[PDB]
Amino acid sequence: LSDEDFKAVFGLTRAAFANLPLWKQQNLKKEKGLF
């Protein structure tokens, strides 16, 4: 995912996503298109 497209997916840039705690990253990744 391109950073800005990633932002379009998750609402925040990859940097900001990584700034999030592991569980939050996992939650967002699950929400993306896993569960």
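Residues numbered from 1 in each chain as written, not as in the entry; some residues may be left out. Heavy atoms only, no water. Residues with missing side-chain atoms left out of burial classes, pairs and counts.

Asker: Explanation requested: the overall build of the protein in the structure shown.
Answerer: When you go through the protein residue by residue, the secondary structure sums to three helices and zero strands. Mapped from its N terminus to its C terminus, the protein presents α and β elements in the order α-α-α. Taken along its principal axes, the extent of the C-alpha atoms in the protein is 20 × 20 × 10 Å. (Helix = DSSP H or I, 4+ residues; strand = E, 2+ residues; numbered from the N terminus.)

Asker: Can you help me understand the packing of aromatic side chains in this one?
Answerer: The geometry of an aromatic ring pair is captured by the separation of the ring centres together with the interplanar angle, meaning the angle of the planes. What the rule picks out here adds up to three aromatic pairs. Pairing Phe6 with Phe17 gives two aromatic rings, centres 5.1 Å apart and planes at 85°, and the pair type is edge-to-face. Of this pair, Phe6 sits in helix 1 (residues 3-10) while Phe17 sits in helix 2 (residues 14-19), placing them 11 residues apart in sequence. The class for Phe6 is buried, based on a relative accessible area of 6%. (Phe/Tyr/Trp six-rings, centres within 6.5 Å; stacked < 30°, edge-to-face > 60°. Buried < 20%, exposed > 50% of the residue type's maximum accessible area, 1.4 Å probe, protein only.)

Asker: I tried to follow the environment of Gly11 on my own but got confused; where do I start?
Answerer: Inspection of the secondary structure assignment puts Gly11 in the loop between helix 1 and helix 2. For the pair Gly11 and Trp23, spaced 12 residues apart in sequence, the C-alpha separation works out to 17 Å.

Asker: Could you clarify how one ought to interpret the environment of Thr13 in this entry?
Answerer: Its place among the elements puts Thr13 in the loop between helix 1 and helix 2. Each C-alpha atom, one on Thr13 and one on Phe35, is 22 Å from the other, the two residues being 22 residues apart in sequence. Sequence-distant contacts of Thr13, that is, excluding residues within four places in its chain, are made with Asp3, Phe6 and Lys7. (Contact = heavy atoms within 4.5 Å.)

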